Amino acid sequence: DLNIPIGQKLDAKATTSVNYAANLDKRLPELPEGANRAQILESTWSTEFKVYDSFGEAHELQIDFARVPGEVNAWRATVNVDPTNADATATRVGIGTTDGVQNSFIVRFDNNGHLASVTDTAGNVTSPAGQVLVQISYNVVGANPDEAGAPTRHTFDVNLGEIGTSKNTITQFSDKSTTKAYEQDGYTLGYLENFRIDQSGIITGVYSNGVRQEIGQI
């Protein structure tokens, strides 16, 4: 028979998808085409959110939103998984790929504020409409290498929203600069804690990392 003991383990799920959305302050001053490091600083905004590798280790993913010099309604997003060890993890962020691109991308805003487009350093641009997905990659430092010998990488997508909307999409509305939405689908190891039944007959198991799996109904 199939047995479901309490304190049973639920393996960690590595992030595959993050749903991120934020607003960048437009009333930040623009950058003349040749500024110094203090002036790019007063026109940049950085933030951090977690992702999970396949061991359930949380890695902090850091994004710096800096204004493109001279050009307006354009920001540059330098991405770095594990910023204190950013050189060994070697992050790379492209559209459609992560091979042969650098860890940065530019995100242009619609004249109304809505997300217009995103272009990487390789030349890969979004399409004119639809949801925008940004592929992000880095080295999982603690992972065994693959069959060939490479240091093994973790790859996932960042859903900034769909072109021309808000709510669940990144924006450049005027004042206010913060993170709106953060939903990522990974999680750490978890243990079965108890079962819960539902106005339907659906018996679910709850795990210590709050995952809630179902088994069946009456």
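All residue numbers are counted from 1 along the displayed sequence.
Participant: Which is higher in the entry, the mean Cα B factor of 36-44 or that of 51-59?
Facilitator: That would be 36-44.
Participant: Higher average CA B factor in the deposited record is what I'm after, so tell me if that's 141-149 or 82-90.
Facilitator: In the deposited entry, the stretch with the higher C-alpha B-factor mean is 141-149.
Participant: Highest Cα temperature factor in the entry, among the options 188, 184, 168, 159: which one is it?
Facilitator: Answer for 188, 184, 168, 159: 168, with the highest C-alpha B-factor.
Participant: For residue 163, does the deposited CA B-factor place it in the lowest, middle or highest third of the chain?
Facilitator: CA B-factor rank for residue 163: highest third.
Participant: Residue 121: which third of its chain by C-alpha temperature factor?
Facilitator: Highest third - that is where residue 121 ends up once the chain's C-alpha B-factors are sorted.
Participant: Check where residue 215 lands among this chain's C-alpha B-factors and tell me if it's the lowest, middle or highest third.
Facilitator: Residue 215: CA B-factor falls in the middle third of its chain.
Participant: Using the B-factors in the PDB entry, rank residue 72's C-alpha atom against the chain and give the third, lowest, middle or highest.
Facilitator: Residue 72: CA B-factor falls in the highest third of its chain.
Participant: Among the chain's modelled residues, which third holds the C-alpha B-factor of residue 17?
Facilitator: For residue 17, the deposited C-alpha B-factor lands in the lowest third.
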